[PDB]
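Engineer: PDB entry and its sequence, pasted below:
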Amino acid sequence: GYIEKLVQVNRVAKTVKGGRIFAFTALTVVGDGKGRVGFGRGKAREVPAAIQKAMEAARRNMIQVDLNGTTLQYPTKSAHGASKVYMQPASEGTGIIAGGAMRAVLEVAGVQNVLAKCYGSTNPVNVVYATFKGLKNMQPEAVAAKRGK
RNA sequence: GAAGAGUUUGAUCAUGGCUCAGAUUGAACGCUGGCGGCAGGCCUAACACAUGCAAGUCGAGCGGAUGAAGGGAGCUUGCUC
């Protein structure tokens, strides 16, 4: 995917006996416009490399999110750590109505009327985790029930 | 039919409060003002109140007060019976 969206930069420090050396981590996501989302950040010294040291793993771990076509599969109940995420599908005409790190991951999946939320912790380090566990178990038909409905 | 930021730390994560975007009113206040239409205008002292006005109506319900006119009598057109 080439439809990358930057999530957050955050100015990391750590201390040597000489003094404080600073480093930048920056998480970005990568999607294909049809639903293969990826994750990752990089540890470097500088801004323009830590977003492509994010691409170092963002093209990795890409998994085809099982869409329906422009609309999400279900009302969602999901969590990682101390972040919890609610989602439900919308109908036709509303655009991006998620927030912060939720508009990055749910816009590269091909769905546009998203209506996603954040509960518990709001840390974007652990926020993007609960969003993909919200999208990892999507199935309209892939249940093993011996019935189409 | 539901958007979050900033802020504890050398940095992190979590629990957790603060401050912020918004929309609002019977509005004030600081500013500066061209007009129309519909509106709304003691939120406080149910505090004291000058002044005028806010419910008088009826004579075809009844007694009783006053005499429009007009037609005449005298004096002679002033006056009254």
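Structural biologist: Great, that's in hand. Numbering: from 1, shown residues only, chains lettered A, B, ... in the order given.
Engineer: state the distance from the residue lying closest to residue A:88 once chain neighbours are set aside to residue A:131.
Structural biologist: Among residues not flanking residue A:88 along the chain, residue A:75 sits closest, at 4.1 Å (Cβ to Cβ, 6 or more residues apart in numbering). All C-beta spots, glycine's among them, are computed from the backbone N, C-alpha and C. With distances taken as Cβ to Cβ, to the nearest Å, residue A:75 is found 15 Å from residue A:131.
Engineer: more crowded one of these two?
Structural biologist: The neighbour count for residue A:75 versus residue A:131, taken as other Cβ atoms under 10 Å, is higher for residue A:131 (27 against 10).
Engineer: helix/strand/coil for the more buried one?
Structural biologist: helix (DSSP: H, G, I helix; E, B strand; the rest coil).
Engineer: what sits against it?
Structural biologist: Neighbouring residues of residue A:131 by Cβ atoms under 8 Å, 6 or more residues apart in numbering: A:78, A:85, A:101, A:102, A:105, A:106, A:116.
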